[PDB]
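Starting off, we have a lone chain in the form whose entry title says "open state", written out as structure tokens.
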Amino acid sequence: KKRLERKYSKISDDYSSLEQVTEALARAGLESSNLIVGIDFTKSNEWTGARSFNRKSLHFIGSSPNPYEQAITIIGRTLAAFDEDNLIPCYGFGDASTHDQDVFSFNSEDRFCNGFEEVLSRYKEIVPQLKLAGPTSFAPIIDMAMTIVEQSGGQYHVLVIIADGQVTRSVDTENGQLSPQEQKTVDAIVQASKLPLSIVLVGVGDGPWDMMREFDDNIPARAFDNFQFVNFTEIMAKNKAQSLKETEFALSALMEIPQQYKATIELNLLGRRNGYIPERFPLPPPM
């Protein structure tokens, strides 16, 4: 077990096209996957639109779609295939109703969204009724994903977190001493490597991204690299045509999935219950 974890320590970008990954996924023997979506409704979204979204809030409802609406739309166009039943569990976190402690379900009895159509539909209905708040932690959304996976009896899931990457940090700490939010988020990423769960951070807005890269590349304590960072605004910024960016997004999202899936098998997680994952209950959507 010691040697198999240092085999899956860090996962580089080992694929230059979507086709290479699609093939690597076949060769890996991936037959069934499900998506979970988490959306950052923290107040940082108010100022992380400075350069990338014209001094507006990333959650601003205008005449054209905001980076959250864009990401939901492009995830639906590129990854909807990887949810086998097209029912998407969708959760908000970091509004006044949840802060850094909970998540809320997009629909009432934690009814899953009917495709990315309803994820987008509901995002629009929900965000104007929210108070963007904080602090910012991924612990609750990762716990929610862990609970979904555990209750499924270890079915492979991909948690897609759309976020501005601004997790609460000690602005003056000189060494690498961690905020409570960082610490709990890291503990959650570590806990989640006991389960057949892949995480993909779809970054929107200006960054900075130092911490999302830390989560991507450098968490020694975890059983396998279960975290990919995708700079979605860097990709959409580029000069090339729309469909050529959609492809680059898809490649970047799926980049770590082949080795991650293999890890769930080699580490004896796929189709197993861990047994000791405390059940998390999502709050209802704000009304």
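Start at 1 with the first residue shown and count on from there. Here the rigid core means the biggest group of C-alpha atoms that line up within 1.5 Å when the two forms are laid on top of each other.
- Between the stretches 216 to 224 and 239 to 247, it is 239 to 247 that shows the larger average CA temperature factor.
- Legend: mean Cα B-factor per stretch from the PDB entry, 23 to 31 versus 252 to 260; the higher mean is in 23 to 31.
- Out of 58, 50, 39, 36, it is 50 whose C-alpha atom has the highest B-factor in the PDB entry.
- Residue set 108, 147, 98, 73: peak C-alpha B-factor at 108 (per PDB entry).
- Annotation for residue 178: CA B-factor lies in the highest third of the chain's modelled residues.
- Looking at the C-alpha B-factors along this chain, the one for residue 270 belongs to the lowest third.
- Annotation for residue 85: CA B-factor lies in the middle third of the chain's modelled residues.
- In this PDB entry, residue 113 carries a Cα temperature factor that places it within the highest third of its chain's modelled residues.
- Annotation for residue 127: CA B-factor lies in the middle third of the chain's modelled residues.
The discussion below concerns the form whose entry title says "closed state", not included here.
- When both forms sit on the same rigid core, the CA shifts between the shown form and the other one reach 2 angstroms or more only at 212 out of 144, 212, 159, 195.
- Once both forms are overlaid on the rigid core, the distance between the two CA positions of residue 221 between the shown form and the other one is 2 angstroms or more.
- Relative to the superposed rigid core, residue 79 undergoes a CA displacement of at least 2 Å between the shown form and the other one.
- Residue 55 shows a C-alpha shift of 2 Å or greater between the shown form and the other one [criterion: core-superposed Cα displacement of 2 Å].
- Relative to the displayed conformation, the Cα-Cα distance from residue 152 to residue 212 grows by 3 Å or more in the other form.
- Closer approach of the C-alpha atoms of residue 37 and residue 22, by 3 angstroms or more, is seen in the other form than in the present form.
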